[PDB]
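To keep things clear, I will list the structure first and then write my remarks on it.
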Amino acid sequence: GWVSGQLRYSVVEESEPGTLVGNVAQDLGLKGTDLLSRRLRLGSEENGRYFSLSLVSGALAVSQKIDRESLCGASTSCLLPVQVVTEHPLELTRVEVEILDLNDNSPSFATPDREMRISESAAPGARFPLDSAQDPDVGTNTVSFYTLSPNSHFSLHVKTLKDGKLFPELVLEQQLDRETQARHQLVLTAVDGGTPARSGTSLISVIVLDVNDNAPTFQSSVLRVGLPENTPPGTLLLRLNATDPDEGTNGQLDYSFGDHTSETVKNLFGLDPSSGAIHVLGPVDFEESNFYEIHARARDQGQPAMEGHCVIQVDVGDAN
Ligand SMILES: *[C@@H]1O[C@H](CO[C@@H]2O[C@@H](C)[C@@H](O)[C@@H](O)[C@@H]2O)[C@@H](O[C@@H]2O[C@H](CO)[C@@H](O)[C@H](O)[C@H]2NC(C)=O)[C@H](O)[C@H]1NC(C)=O
Ligand SMILES: *[C@H]1O[C@H](CO)[C@@H](O)[C@H](O)[C@@H]1O
Ligand SMILES: *[C@H]1O[C@H](CO)[C@@H](O)[C@H](O)[C@@H]1O
Ligand SMILES: [Ca+2]
Ligand SMILES: [Ca+2]
Ligand SMILES: [Ca+2]
Ligand SMILES: [Ca+2]
Ligand SMILES: [Ca+2]
Ligand SMILES: [Ca+2]
Ligand SMILES: [Ca+2]
């Protein structure tokens, strides 16, 4: 039997030439040399392009391997119309051959890898758009879902439109930290709903840009040293070493005294802003003061500039 009004057959994508599509002669109620006597033929050479109608067997068969996505593309139903012509008397039957889709085509991305720059200060809940894959197959044989590589910081949300199209996007849950790791590498994978499933990948290399979120810190919180009375000027007391983990200018430092630092201390001690070398500039004396406290600070060359602090305790010795 056929569909009310028209004749219809089914054939599979990429099937080898010679495959039986359907017996036109029998289904059209003909037997014997009627076929040859009636000049049973396909309507045009476009019908005989993808098909052959034998005058002997009366069988409509595949004459050429048919790639459905080259004929219908993104069409759900692929009905290929052919015109079976018979003469004596002349009649025309319009037969429609549906090309059933095969899951022979794999999901693909435009680019094998993607590079994303994301600020360290990226707040949780931040959605970042991703490349969408393509699967020329139709139905469930096209892209079904996306999977992201297991990681600590990124989840995957896929917006599913009414039509069924998928849109993958990264959702940030745990705040990135460049000082921990600056590059996160994930693999976005697109999988179609066929069995067995076919896949495509896109290598997303997230780059964490530096934010000045770290103040400089000294190797020791408090430093207690000694300095003999009447120690000759030009003497190197010590060298300060503070370090900042941030990159570039955000990691470069400048050494200085505290704002509140006494003028007496400034007169006695000098401090190199670049190296962190604390020299004694003026002659110190025990009978003037017993103990000095130098508030040292190291400031970032970033915006805004941050600063760490260290207390240098100077015990002066007694002589006479
Ligand atoms: C002593 O200081 C060195 C140098 O620190 C660098 O110079 C500072 C002025 C500031 O710009 C820092 O951010 C610099 O790192 C420290 O050695 C560095 O250690 C880091 C640690 O990862 C390393 O990346 C650098 O290459 C090192 N630089 C050199 C020249 O060795 C060192 O850690 C400090 N020591 C102490 C005990 O704090
Ligand atoms: C393609 O291959 C991936 C692994 O790379 C599978 O996870 C997927 O189901 C498809 O078979
Ligand atoms: C996605 O990842 C796969 C390996 O998982 C690669 O073969 C592909 O080229 C793409 O980078
Ligand atoms: Ca195909
Ligand atoms: Ca196909
Ligand atoms: Ca597919
Ligand atoms: Ca950080
Ligand atoms: Ca940082
Ligand atoms: Ca910093
Ligand atoms: Ca003295």
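What the sequence shown shows, in mature numbering (1 follows the signal peptide of the UniProt record, and there is no 0), is residues -5 to -1, 1 to 315, in sequence order.
Beta carbons: idealized from backbone N, C-alpha and C, even for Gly.
Beta-bridge pairing by DSSP links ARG294 to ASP249, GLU302.
According to DSSP, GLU164 shares a beta bridge with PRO124, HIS152. At a threshold of 6 Å, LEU37 does not count as near ligand 5, since its beta carbon sits no closer than that to any of the ligand's heavy atoms. Counting only runs of 4+ residues, the alpha helix (DSSP H) found wholly inside the segment 195 to 273 occupies 258 to 263, in chain order. Proximity annotation: ligand 9 has residues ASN207, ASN209, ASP239, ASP241, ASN245, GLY246, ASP295, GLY297, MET301 in chain order, each selected because its CB is closer than 6 Å to a heavy atom of the ligand. When DSSP states are grouped into helix, strand and coil, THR135 belongs to the helix group. Checking the 6 Å criterion, the Cβ of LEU97 is within range of a heavy atom belonging to ligand 5. Near ligand 3, meaning a Cβ closer than 7 Å to any of its heavy atoms, lie the following residues in chain order: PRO107, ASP108, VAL182, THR196, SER197, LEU198. In the pairwise beta carbon analysis, the segment 181 to 194 is classified as not touching the segment 204 to 219: fewer than three pairs are separated by under 8 Å.
Within the same chain, Cβ atoms closer than 7 Å to the Cβ of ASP96 are found at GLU8, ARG63, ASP132, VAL133, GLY134, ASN136, the five residues on either side in sequence being excluded. With distances taken between CA atoms, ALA291 lies nearest to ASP249 out of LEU276, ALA314, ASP249, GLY38. Our two residues, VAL182 and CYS305, have alpha carbons roughly 45 Å apart in a direct line. In the structure shown, the three-state DSSP call for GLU288 is strand. When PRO145, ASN209, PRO223 are compared, the shortest CA-CA separation from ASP241 is found for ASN209. With fewer than 16 neighbouring CB atoms inside 10 Å of its own CB, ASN225 falls in the exposed class. Taken in chain order, the unbroken stretches of beta strand (DSSP E) that lie wholly in the segment 26 to 72 and span 3 residues or more are 46 to 48, 54 to 57.
The beta carbon of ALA105 sits closer than 7 Å to the beta carbons of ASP126 from its chain, once the five residues preceding and following it are set aside; these are given in chain order.
Excluding residues up to 5 positions away in sequence, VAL57, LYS60 lie with their Cβ nearer than 8 Å to the Cβ of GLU11 in the same chain. In this structure, the beta-carbon distance from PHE281 to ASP239 does not fall below 7 Å.
Between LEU266 and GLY277, the gap from beta carbon to beta carbon reaches 7 Å or more.
Residue burial annotation: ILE289 is buried, with at least 16 other C-beta atoms found within 10 angstroms of its C-beta.
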